[PDB]
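Student: mmCIF, C-alpha atoms (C1' of nucleotides), file run_2.cif:
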```cif
data_model
#
loop_
_atom_site.label_atom_id
_atom_site.label_comp_id
_atom_site.auth_asym_id
_atom_site.auth_seq_id
_atom_site.Cartn_x
_atom_site.Cartn_y
_atom_site.Cartn_z
CA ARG A 367 42.39 89.38 -65.58
CA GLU A 368 42.33 85.69 -66.55
CA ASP A 369 44.93 84.95 -63.87
CA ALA A 370 42.88 86.85 -61.28
CA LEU A 371 39.75 84.92 -62.26
CA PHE A 372 41.67 81.65 -61.98
CA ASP A 373 42.96 82.64 -58.53
CA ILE A 374 39.43 83.55 -57.40
CA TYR A 375 38.09 80.23 -58.70
CA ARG A 376 40.87 78.33 -56.92
CA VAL A 377 40.16 80.21 -53.68
CA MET A 378 36.41 79.61 -53.85
CA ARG A 379 36.56 76.10 -55.38
CA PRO A 380 40.09 74.67 -55.08
CA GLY A 381 39.12 71.13 -56.06
CA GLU A 382 37.37 72.09 -59.29
CA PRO A 383 39.75 72.89 -62.17
CA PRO A 384 39.51 76.60 -63.01
CA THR A 385 38.56 77.54 -66.56
CA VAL A 386 38.81 80.78 -68.51
CA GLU A 387 35.07 81.39 -68.79
CA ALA A 388 34.20 79.27 -65.74
CA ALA A 389 36.25 81.46 -63.39
CA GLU A 390 34.78 84.65 -64.87
CA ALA A 391 31.28 83.21 -64.47
CA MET A 392 31.97 82.23 -60.85
CA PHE A 393 32.96 85.75 -59.79
CA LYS A 394 29.99 87.23 -61.66
CA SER A 395 27.53 84.83 -60.05
CA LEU A 396 29.12 85.51 -56.65
CA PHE A 397 29.15 89.33 -56.75
CA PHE A 398 27.92 90.61 -60.13
CA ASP A 399 24.78 88.43 -59.88
CA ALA A 400 21.76 89.79 -58.00
CA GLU A 401 20.31 86.27 -57.70
CA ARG A 402 22.99 85.12 -55.23
CA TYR A 403 24.56 88.37 -53.95
CA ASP A 404 21.19 89.79 -52.88
CA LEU A 405 22.30 92.82 -50.89
CA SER A 406 19.22 94.48 -49.40
CA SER A 407 18.40 98.14 -49.96
CA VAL A 408 19.39 98.84 -46.35
CA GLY A 409 22.86 97.57 -47.21
CA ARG A 410 23.14 99.87 -50.22
CA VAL A 411 21.93 102.89 -48.25
CA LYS A 412 24.33 102.07 -45.40
CA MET A 413 27.18 101.85 -47.91
CA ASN A 414 26.16 105.17 -49.47
CA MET A 415 26.18 106.76 -46.01
CA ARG A 416 29.51 105.25 -44.91
CA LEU A 417 31.38 105.88 -48.18
CA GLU A 418 29.76 108.57 -50.31
"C1'" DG Y 1 -14.52 -2.15 27.95
"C1'" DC Y 2 -13.54 -4.60 23.45
"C1'" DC Y 3 -14.98 -6.53 18.98
"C1'" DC Y 4 -18.06 -6.49 14.97
"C1'" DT Y 5 -20.65 -4.00 11.42
"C1'" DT Y 6 -21.65 -0.22 8.49
"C1'" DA Y 7 -21.03 4.74 6.73
"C1'" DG Y 8 -18.07 8.51 4.98
"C1'" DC Y 9 -13.69 10.14 2.85
"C1'" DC Y 10 -9.79 9.30 -0.06
"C1'" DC Y 11 -7.99 7.19 -3.81
"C1'" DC Y 12 -7.95 4.72 -8.47
"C1'" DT Y 13 -9.86 3.76 -13.67
"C1'" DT Y 14 -12.25 5.62 -18.00
"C1'" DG Y 15 -13.63 9.02 -20.64
"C1'" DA Y 16 -16.23 12.49 -23.79
"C1'" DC Y 17 -15.05 16.10 -24.85
"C1'" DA Y 18 -12.34 21.59 -26.39
"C1'" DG Y 19 -9.30 23.74 -28.25
"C1'" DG Y 20 -5.02 24.67 -29.12
"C1'" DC Y 21 0.37 25.18 -30.86
"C1'" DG Y 22 1.66 24.14 -35.24
"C1'" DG Y 23 3.05 22.40 -40.10
"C1'" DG Y 24 0.72 21.99 -44.53
"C1'" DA Y 25 -1.98 23.47 -48.22
"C1'" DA Y 26 -3.55 27.25 -50.31
"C1'" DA Y 27 -5.08 32.20 -51.54
"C1'" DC Y 28 -2.84 36.65 -51.51
"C1'" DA Y 29 0.30 40.92 -50.49
"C1'" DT Y 30 5.89 41.71 -51.00
"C1'" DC Y 31 10.92 42.52 -53.15
"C1'" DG Y 32 14.50 42.00 -56.05
"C1'" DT Y 33 15.16 42.21 -60.65
"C1'" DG Y 34 14.59 43.70 -65.24
"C1'" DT Y 35 12.76 47.01 -69.62
"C1'" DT Y 36 11.52 52.13 -72.76
"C1'" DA Y 37 14.89 54.12 -76.20
"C1'" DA Y 38 12.27 61.19 -80.07
"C1'" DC Y 39 15.36 67.43 -76.72
"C1'" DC Y 40 19.54 70.23 -71.68
"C1'" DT Y 41 26.48 65.81 -71.04
"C1'" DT Y 42 29.33 70.67 -64.00
"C1'" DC Y 43 24.25 70.65 -58.74
"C1'" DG Y 44 25.44 73.61 -54.84
"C1'" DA Y 45 26.67 76.62 -49.06
"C1'" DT Y 46 28.79 79.05 -45.94
"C1'" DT Y 47 31.65 80.01 -42.43
"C1'" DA Y 48 33.71 84.60 -42.20
"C1'" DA Y 49 31.98 90.40 -35.67
"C1'" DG Y 50 36.20 86.22 -28.73
"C1'" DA Y 51 40.11 83.08 -27.53
"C1'" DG Y 52 44.88 80.12 -25.61
"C1'" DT Y 53 47.89 77.00 -28.38
"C1'" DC Y 54 49.63 71.78 -31.39
"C1'" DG Y 55 51.30 70.01 -36.81
"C1'" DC Y 56 53.53 71.11 -41.30
"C1'" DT Y 57 55.18 74.25 -45.63
"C1'" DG Y 58 58.07 77.97 -48.35
"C1'" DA Y 59 60.76 83.00 -49.04
"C1'" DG Y 60 65.23 86.20 -48.25
"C1'" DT Y 61 69.40 86.78 -45.79
"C1'" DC Y 62 74.26 84.85 -44.63
"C1'" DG Y 63 79.16 81.21 -45.06
"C1'" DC Y 64 83.06 78.06 -48.24
"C1'" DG Y 65 85.70 78.55 -52.29
"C1'" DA Y 66 87.49 78.93 -57.67
"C1'" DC Y 67 88.35 80.89 -61.75
"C1'" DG Y 68 90.09 85.59 -64.06
#
```
If you took the structure in this file and wrote it as structure tokens, what would it be?
Tutor:
Amino acid sequence: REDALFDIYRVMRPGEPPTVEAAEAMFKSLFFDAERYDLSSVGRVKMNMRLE
DNA sequence: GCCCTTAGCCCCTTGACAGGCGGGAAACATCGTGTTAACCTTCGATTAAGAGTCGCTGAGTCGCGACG
């Protein structure tokens, strides 16, 4: 999982040097964080309808 | 009809202002510095639902042969 986090950090921010906790925090803030990945309720309902 | 005399116009000489660009002298609003030391020593967007092609890189497959 550390290698996957490093790869994700390099893909998103190639210039910045990926770190163990920095890469894990980047993915969380990108997708696991509701502050940035603010998917509306219409998106969630559309996902629930498309894939049950 | 021509010459003399006098009047009007044009020109010259002086001048008493009027103020008027402009540097100086001065009173006043800028423009580049400093300086202070009580706490955090990775901030953040933004394509990515069409499309013809230029410029580079790095993987899997083969020949030629040597040493048992």
Student: In Å to one decimal, how far is CA of residue 389 in chain A from CA of residue 377 in chain A?
Tutor: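 Computing the Euclidean distance for CA of residue 377 in chain A and CA of residue 389 in chain A yields 10.5 Å.
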Student: Determine the residue set returned by the PyMOL selection byres ((chain Y) within 12 of (chain A)) for the present structure, and present it as JSON, numbers by chain.
Tutor: {"Y": [42, 44, 45, 46]}
Student: One number please: CA of residue 401 in chain A to CA of residue 388 in chain A, in Å, one decimal.
Tutor: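 So the two atoms, CA of residue 401 in chain A and CA of residue 388 in chain A, lie 17.5 Å apart.
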Student: Rank A:396, A:391, A:405, A:415 by their smallest atom-to-atom distance to residue 372 in chain A, using all atoms listed in the file, and report the top residue only.
Tutor: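 Smallest separation from residue 372 in chain A among the options: A:391.
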Student: Could you work out how far CA of residue 397 in chain A lies from CA of residue 410 in chain A, giving the answer in Å with one decimal?
Tutor: 13.8 Å
Student: Name the residues captured by the PyMOL selection byres ((chain A and resi 374) around 9) when it is applied to the shown file; answer as a list in words.
Tutor: residues 369, 370, 371, 372, 373, 375, 376, 377, 378, 379, 384, 389, 390, 392 and 393 of chain A
